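First to last, the sequence lines map onto chains A, C and B. Residues in the first sequence are numbered consecutively from 146, following PDB author numbering. Under PDB author numbering, residues 3 to 135, 143 to 193, 200 to 220 are what the second sequence spells out, in order. Residues in the third sequence are numbered consecutively from 677, following PDB author numbering. Idealized CB from N, CA, C, for every residue including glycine.
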Amino acid sequence: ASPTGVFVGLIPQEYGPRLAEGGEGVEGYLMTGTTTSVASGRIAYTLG
Amino acid sequence: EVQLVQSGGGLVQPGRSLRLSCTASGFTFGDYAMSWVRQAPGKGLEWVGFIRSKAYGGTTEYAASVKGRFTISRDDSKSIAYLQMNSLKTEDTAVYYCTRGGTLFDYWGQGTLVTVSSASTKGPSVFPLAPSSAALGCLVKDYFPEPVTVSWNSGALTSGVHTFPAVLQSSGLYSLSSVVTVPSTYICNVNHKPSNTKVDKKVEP
Amino acid sequence: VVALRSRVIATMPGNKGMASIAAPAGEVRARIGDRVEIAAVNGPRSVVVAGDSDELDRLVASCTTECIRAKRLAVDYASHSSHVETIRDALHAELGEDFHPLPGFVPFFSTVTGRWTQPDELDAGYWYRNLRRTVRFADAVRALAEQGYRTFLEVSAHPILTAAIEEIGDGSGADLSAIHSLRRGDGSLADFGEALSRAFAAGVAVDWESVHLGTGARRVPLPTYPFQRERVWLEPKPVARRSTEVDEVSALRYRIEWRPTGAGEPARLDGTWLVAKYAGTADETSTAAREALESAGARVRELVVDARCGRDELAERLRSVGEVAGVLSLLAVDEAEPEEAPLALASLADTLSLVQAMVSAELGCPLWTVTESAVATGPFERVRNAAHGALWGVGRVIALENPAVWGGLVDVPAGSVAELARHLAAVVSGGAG
């Protein structure tokens, strides 16, 4: 709960399976994985 | 913004009356104590005088060089500072400035070129400078007043061209000596604007 | 320069004059004679001529029969010749005593040389060379085109030379622009503004931030750029495992994907368009359909058809009104399936009877059947009534029997009648097909 910015610079690329077809175990987390968006918020969440 | 824009330069003969106006827009004119700093051509600044603020009395302090000759005033409702230059002599040929502070000069205005010369408007006496055997130049002796502009090959050659700042004789006239440096057969056209006397000069050794 | 030149030159009139013709340089340079020479080629099909009197006037007369620019210059005088060369003092140096030749700056264009050149005989002895040599203006215009110059603005009160600048490009592959100058007879700012307009049009860069400074105008919201939109869509390669779902067999089932089509091209209809339907309930569908039906150019007539009322009743009614340009079946809107049988849908029977009644009425007009979500362009909901698609079913067959009588079907959403008002007029009259 501290003022501490996280400024990550990435590129979209392509990791898992195309979200339209989803997956077997990675279904709701495919989105949360393939998004430079959460690639700065995930860090600010784990550390707080 | 504060802008001390000036007005009132010109050409007079020694012993005339000339007005110097300092238009102050941007600050409360009555709080500051405007001063007038003289800069004779190419030397250091010399302070002419300054009027105190109306609230500081309005006492005007002048130099030793111009006491009994110049008088300085100020108006708030018309918001102008005055340098009243009476009984001018040859020394007043200079760029007079108007600063907004007696001990703390601030905006300084722009620079009103006042000239006190006894000369009249005459064109140049274009005298060429033959090379020794080198550079090639040409005089513009005995012209008045300044403006003046000298080109070479009629504004074709600009590299090596040195238009020496002008020079005052004791007669009140001006003398520029513009010279190019290049091995060779060149032309110099001097255009004295106040009189519109364009003289051209072809030079050989 | 010009004042002293014109002043002295005012004496040579009576011996020689000037002319300006737009004849090709070939014939005139061939037929010139008796102290006559070309003062200035101003194009492959334009030459100014400086020749003595009583032959320069005949040159204009010959060009009047050549149906080409032929004007006896009322400002006629001596130039580009010997009658003015003799004055080696007044007409050669007195005109221009002071001069300040300029450097590169923005490339100017001299003509007596035929190329871009800035010598000392431009500020000084250009008039010496003007009253001596020709002008070869065309050569310099070719050099302008070679140095990338195409829009030519005629600084004058009448187009005489831009007219000729367009015969520069009447034989040149680099067709060039020559903004029409204020016409002979134009002398007001209305005509100057008309020129500034065609200057912008031709390609002349106008600093519009200078025309609008004295006006004291304001900037107001205007429509933005109308991007002319293509359809540049890239369909993905692995769409749902690069197939329908799990892999593929050698056989291939087809499918129906409703593609966004045109609403049709609206044509002002005529005659009448019958809003054929029931009468059981009051229908806002009718008021919404008709408001763009008599506005479609025709008139709107109701045709209350009852369940198995007869294969003929509608026929004699259609004949009673007269010639009809088509009919709007609104009997299949907001109507439940009789739970007795899906194919006993009241509308399907009346649609069939209406089709064969038009066939028997010899009316020959395309019938349109407005349906309420009988089908769907997309699964966003549940087909309001599968029985209604039955009409659609037979609809797709009706056209194979009677192309003139069958227009088609127009599905509209369940409950809302706005789509009717928005599109039916164009849809029924649509040339899209």
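(request) Would you grab the beta carbon distance between C:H207 and C:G146 for me? Rounded to a whole angstrom, and I think it's under 8 angstroms. (result) For the purposes of this step, residue 207 of chain C is taken as residue 192 along the second sequence, with counting starting at 1. For the purposes of this step, residue 146 of chain C is taken as residue 137 along the second sequence, with counting starting at 1. Wrong, their Cβ atoms sit about 18 angstroms apart, outside the cutoff.
- Item | Residues bridged to B:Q904 [DSSP beta-bridge criterion] | In the third sequence, the residue the question calls residue 904 of chain B occupies position 228. In DSSP, B:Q904 forms no bridge with anything.
_Under 8 angstroms by beta carbon: chain B residues contacting C:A165_ = As a working mapping, residue 165 of chain C is identified with position 156 in the second sequence. Within chain B, the residues near C:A165 are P777, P779.
Just to confirm, are C:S27 and C:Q8 a CB contact at a threshold of 8 angstroms? Sequence index remark: in the second sequence, residue 27 of chain C carries index 25 (1-based). Sequence index remark: in the second sequence, residue 8 of chain C carries index 6 (1-based). No, Cβ-Cβ distance for C:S27 and C:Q8 is not below 8 angstroms.
Is there a Cβ from chain C that is less than 8 angstroms from the Cβ of B:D846?
Here residue 846 of chain B refers to the residue found at position 170 of the third sequence. Not an interface residue.
From C:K80 to C:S187, what distance separates their C-alpha atoms? The residue labelled residue 80 of chain C in the question sits at position 78 within the second sequence. The residue labelled residue 187 of chain C in the question sits at position 178 within the second sequence. The straight-line gap from Cα to Cα measures roughly 46 angstroms.
Exercise for review: Note down the Cα distance separating B:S848 from B:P720, rounded to an integer number of angstroms.
Suggested key: Within the third sequence, the letter at position 172 stands for residue 848 of chain B. Within the third sequence, the letter at position 44 stands for residue 720 of chain B. Rounded to whole angstroms, B:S848 to B:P720 spans 9 angstroms at the Cα level.
Could you tell me which uninterrupted alpha helix (DSSP H) segments, each at least 4 residues in length, are contained entirely in the region 680 to 707 of chain B, listed from first to last along the chain?
701 to 707
Can you tell me the Cα-Cα spacing of C:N211 and B:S832, whole angstroms? Here residue 211 of chain C refers to the residue found at position 196 of the second sequence. Here residue 832 of chain B refers to the residue found at position 156 of the third sequence. Roughly 30 angstroms separates the two Cα atoms.
- Task: Compare the Cα-Cα distances from C:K91 to each of C:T200, C:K56, C:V4, C:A121 and report the closest residue.
- Result: Here residue 91 of chain C corresponds to residue number 89 of the second sequence, with the count starting at 1. Nearest C-alpha to C:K91: C:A121.
Between the beta-carbon of B:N718 and the beta-carbon of B:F813, is there less than 8 angstroms? Walking along the third sequence from the start, residue 718 of chain B turns up at place 42. Walking along the third sequence from the start, residue 813 of chain B turns up at place 137. Contact flag set, yes.
Query raised in the report: Do three or more CB pairs link the region 780 to 795 of chain B to the region 694 to 701 of chain B at distances below 8 angstroms?
Result: no
In the DSSP assignment, what are the bridge partners of C:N204?
Residue numbering aside, residue 204 of chain C sits at position 189 when the second sequence is read from its first letter. Looking at the DSSP assignment, C:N204 forms a beta bridge with C:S160, C:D215.
Note to self: For the pair the region 83 to 98 of chain C and the region 108 to 121 of chain C, tell me if three or more CB-CB distances fall below 8 angstroms.
What the structure shows: yes
Note to self: Taking only three categories from DSSP, how would you classify B:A726?
What the structure shows: In the third sequence, counting from the first residue as 1, residue 726 of chain B sits at position 50. B:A726: strand per DSSP, three-state reduction.
Segments of 4+ residues assigned as alpha helix (DSSP H) that fall wholly inside the region 813 to 894 of chain B: 813 to 822, 838 to 841, 865 to 878, 884 to 887
*Taking Cβ-Cβ distances shorter than 8 angstroms, what residues in chain A pair up with B:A916?*
Taking the first residue of the third sequence as 1, we reach residue 916 of chain B at position 240. Within 8 angstroms Cβ-Cβ: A165, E166.
For this session: Return yes when the Cβ of B:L889 is within less than 8 angstroms of the Cβ of B:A871, no when it is not.
Result: Looking up residue 871 of chain B in the third sequence gives position 195. Looking up residue 889 of chain B in the third sequence gives position 213. No, they are not a contact pair.
Requested in this report: Output yes or no for whether 8 angstroms exceeds the beta carbon distance between B:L1085 and B:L1004.
Outcome: On the third sequence, residue 1085 of chain B is found 409 positions in, with the first residue counted as 1. On the third sequence, residue 1004 of chain B is found 328 positions in, with the first residue counted as 1. No. Outside cutoff.
Note down, in chain order, every chain B residue with its Cβ under 9 angstroms from the Cβ of C:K213.
For the purposes of this step, residue 213 of chain C is taken as the residue at position 198 of the second sequence. Those within 9 angstroms of C:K213 in chain B are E773, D774, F775, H776.
Could you tell me whether any Cβ in chain C is nearer than 8 angstroms to the Cβ of residue 1142 of chain B?
-> The displayed coordinates of chain B run from 677 to 1109. Any statement about residue 1142 of chain B would go beyond what the structure contains.
When the Cα atoms are used, what is the spatial distance from C:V39 to C:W110? Stepping through the second sequence from its first residue, residue 39 of chain C is reached at position 37. Stepping through the second sequence from its first residue, residue 110 of chain C is reached at position 108. Rounded to the nearest angstrom, the two C-alpha atoms are 9 angstroms apart.
So B:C739 is in the alpha helix (DSSP H); what residue range does that whole segment cover?
As a working note, residue 739 of chain B is residue 63 in the third sequence. 732 to 741 is the span of the alpha helix (DSSP H), which, as asked, contains B:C739.
Limits of the alpha helix (DSSP H) - the one that C:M36 falls within: Taking the second sequence and counting its residues from 1, the one referred to as residue 36 of chain C is at position 34. No alpha helix (DSSP H) contains C:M36, which DSSP labels as neither H nor E.
Check your understanding: From what residue to what residue does the beta strand (DSSP E) around B:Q1032 run?
Key -> Looking up residue 1032 of chain B in the third sequence gives position 356. Careful: B:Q1032 lies outside any beta strand (DSSP E), inside the alpha helix (DSSP H) at 1022 to 1037.
- [ ] Please name the residue in A:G193, A:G186, A:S185, A:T181 whose C-alpha comes closest to that of A:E159.
- [x] Mapped onto the first sequence, residue 159 of chain A falls at position 14. Closest by alpha carbon: A:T181.
Check your understanding: If we ignore side chains and look at the alpha-carbon of each, how far apart do C:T61 and C:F153 end up?
Key -> Taking the first residue of the second sequence as 1, we reach residue 61 of chain C at position 59. Taking the first residue of the second sequence as 1, we reach residue 153 of chain C at position 144. So the two alpha carbons sit approximately 39 angstroms from each other.
### Task
Kindly list the residues whose CB is nearer than 7 angstroms to the CB of B:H759, restricted to its own chain and excluding five residues on each side of it in sequence; keep chain order.
Here residue 759 of chain B corresponds to residue number 83 of the third sequence, with the count starting at 1. Closer than 7 angstroms at Cβ, skipping near neighbours: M688, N691, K692.
Of the residues C:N88, C:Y201, C:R54, which one's Cα is nearest the Cα of C:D78? Along the second sequence, one-based indexing puts residue 78 of chain C at 76. Closest by alpha carbon: C:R54.
Beta-carbon within less than 7 angstroms of B:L1043's beta-carbon, same chain only, minus the 5 sequence neighbours each way: which residues are those? Sequence index remark: in the third sequence, residue 1043 of chain B carries index 367 (1-based). Once the five neighbours on either side are set aside, the close Cβ partners of B:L1043 are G1002, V1003, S1005, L1030, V1031, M1034, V1081, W1082, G1083.
Candidates C:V191, C:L177, C:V176, C:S179, of which the one nearest C:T167 by Cα: By one-based count along the second sequence, residue 167 of chain C stands at place 158. With distances taken between Cα atoms, C:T167 lies closest to C:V191.
What are the complete beta strand (DSSP E) segments, minimum 3 residues, inside the region 735 to 807 of chain B?
746 to 748
| request: Kindly indicate the opening and closing residues of the alpha helix (DSSP H) around B:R966. | output: Indexing the third sequence from 1 puts residue 966 of chain B at position 290. Counting along the chain, the alpha helix (DSSP H) containing B:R966 begins and ends at 960 to 966.
| First through last residue of the alpha helix (DSSP H) which encompasses B:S1092 | Translated into positions along the third sequence, residue 1092 of chain B becomes position 416. Counting along the chain, B:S1092 falls outside any alpha helix (DSSP H), and DSSP gives it neither H nor E.
**Item:** Touching by the beta-carbon criterion (3+ pairs, under 8 angstroms), the region 969 to 981 of chain B and the region 937 to 948 of chain B
**Value:** yes
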